[PDB]
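The structure appears right after this line, and notes come after that.
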Amino acid sequence: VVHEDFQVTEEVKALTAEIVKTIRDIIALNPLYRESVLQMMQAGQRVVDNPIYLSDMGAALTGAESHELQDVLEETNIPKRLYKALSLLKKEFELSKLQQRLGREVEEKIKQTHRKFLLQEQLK
Amino acid sequence: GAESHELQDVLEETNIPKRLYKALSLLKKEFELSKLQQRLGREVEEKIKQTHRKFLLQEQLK
Amino acid sequence: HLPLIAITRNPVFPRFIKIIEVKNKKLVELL
């Protein structure tokens, strides 16, 4: 289990911060699991002594297939796997954003159809 | 987002000008850190978008 | 003259509303 890290453990957590913030955004846009795990597992409480496993949970919280997760697990370099997890997160971000945008497009268009019927009666 | 040690060191400074200057310097350092992280994430996101847009086209096709 | 409250990584910025939560019940009796 490779667990290499920089002795300058000051600016590295920012990435994890980003990731958790990113992960937060996930649950904000894509409800998958209870936000309670975020509540108890707070990165600012100094309770995450194995941040590699926090990154693993974040990757698991993504919808990445088994192939992408295997590729990530094959990344021993902590920064590289973290950036790959960021890439998967961004992929799912765009996927869900397009899904919600298209659903909203459909619903507004149906509402416009109903309003067009209303206004066709008003035209009559 | 200055760490607790930064806050304690700021509180250590007594004179209002000195503590205010330390707060300004901490603000500058936090701004630099945010800028650096945003630049790194921007480069990584650009490299992700370095993926041909046909990747997004196949996403749409699926 | 009260026992020190276990911070447990709960920074309280000045003039800032913050939340203190400690699993220990020994603080509940003191409260």
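Residue numbers (the entry's author numbering), protein chains in the order written: chain A, 278 to 401; chain B, 340 to 401; chain C, 123 to 153. Every residue, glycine too, gets a C-beta built ideally from N, C-alpha and C.
What residue does the alpha helix (DSSP H) around residue 328 of chain A start on, and which one ends it?
328–338
Between the beta-carbon of residue 297 of chain A and the beta-carbon of residue 346 of chain A, is there less than 9 Å?
no
Alpha-carbon to alpha-carbon, residue 340 of chain B and residue 370 of chain B:
10 Å
So with CB distances below 8 Å, who are the chain B contacts of residue 291 of chain A?
372 and 376
Does any residue of chain C bring its CB to less than 9 Å from the CB of residue 397 of chain A?
no
With a 10 Å radius around its C-beta and 16 neighbouring C-beta atoms as the bar for buried, classify residue 368 of chain A as buried or exposed.
buried
Inter-residue Cα distance where the pair is residue 411 of chain B and residue 389 of chain B
Because chain B here runs from 340 to 401, residue 411 of chain B falls outside it and cannot be looked at.
Interface residues of the segment 131–146 of chain C facing chain A [CB-CB below 7 Å]
131
Residue range of the unbroken alpha helix (DSSP H) whose run includes residue 380 of chain A:
355–400
Do residue 304 of chain A and residue 335 of chain A come within 9 Å of each other at the CB atom, strictly closer than that value?
no
Partner residues on chain B for residue 364 of chain A, Cβ-Cβ distance less than 8 Å
383 and 387
Taking the beta carbon of residue 337 of chain A as the centre, do at least 16 other beta carbons fall within 10 Å, making it buried, or is it exposed?
exposed
Looking at residue 366 of chain B: is its Cβ nearer than 9 Å to the Cβ of residue 291 of chain A?
no
Could you give the DSSP three-state label for residue 349 of chain B: helix, strand or coil?
helix
Using a Cβ cut-off of 8 Å, pull out every chain B residue sitting near residue 367 of chain A, in sequence order please.
384 and 387
Identify which residue in C:133, C:124 and C:150 has its Cα closest to the Cα of residue 323 of chain A.
C:133
Return the CA-CA distance between residue 142 of chain C and residue 326 of chain A, expressed in angstroms with no decimal places.
21 Å
Short CB-CB distance (under 9 Å) between residue 295 of chain A and chain F
No chain F is present in this structure, whose protein chains are A, B and C.
Is residue 375 of chain B near residue 288 of chain A, with beta carbons less than 9 Å apart?
yes
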